[PDB]
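Spelled out, the chains give:
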Amino acid sequence: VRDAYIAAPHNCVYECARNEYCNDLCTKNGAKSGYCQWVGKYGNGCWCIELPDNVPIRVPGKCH
């Protein structure tokens, strides 16, 4: 497990307007919880706590 920005295809963050949007997205993918990160390594995007490792996360490189 790891805390990170969950990724949408391909290596893209999920932008967010609401914390609830991110908590729902993160927990439906197996995380403990989540929130909208407005300031972070990749800027605006959903951040998940304890996301299982079969689910993609934002890693260095370009969103494509």
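Residues numbered from 1 in each chain as written, not as in the entry; some residues may be left out. Heavy atoms only, no water.

Moving on, we come to the UniProt feature "disulfide bond" in the protein. Here the UniProt disulfide linking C12 with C63 is intact, its two sulfur atoms sitting 2.0 Å from each other. With a gap of 51 residues between them, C12 in strand β3 (residues 12–13) and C63 in the segment after β5 (45–51) connect regions that are remote in the sequence. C12 sits in the buried class, given a relative accessible area of 8%. With a relative accessible area of 41%, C63 lands in the partly exposed category. The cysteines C16 and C36 that UniProt joins by a disulfide are bonded here; their SG atoms are 2.0 Å apart. Placement of the pair is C16 in the loop between β3 and α1 (19–28) and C36 in strand β4 (residues 33–37), with a sequence separation of 20 residues. Residue class for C16 comes out buried when judged on its relative accessible area of 11%. By relative accessible area, which is 4% here, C36 ends up buried. (Disulfide = S-S within 2.5 Å. UniProt positions renumbered as here; feature names shortened; annotations may be inferred. Helix = DSSP H or I, 4+ residues; strand = E, 2+ residues; numbered from the N terminus. Buried < 20%, exposed > 50% of the residue type's maximum accessible area, 1.4 Å probe, protein only.)

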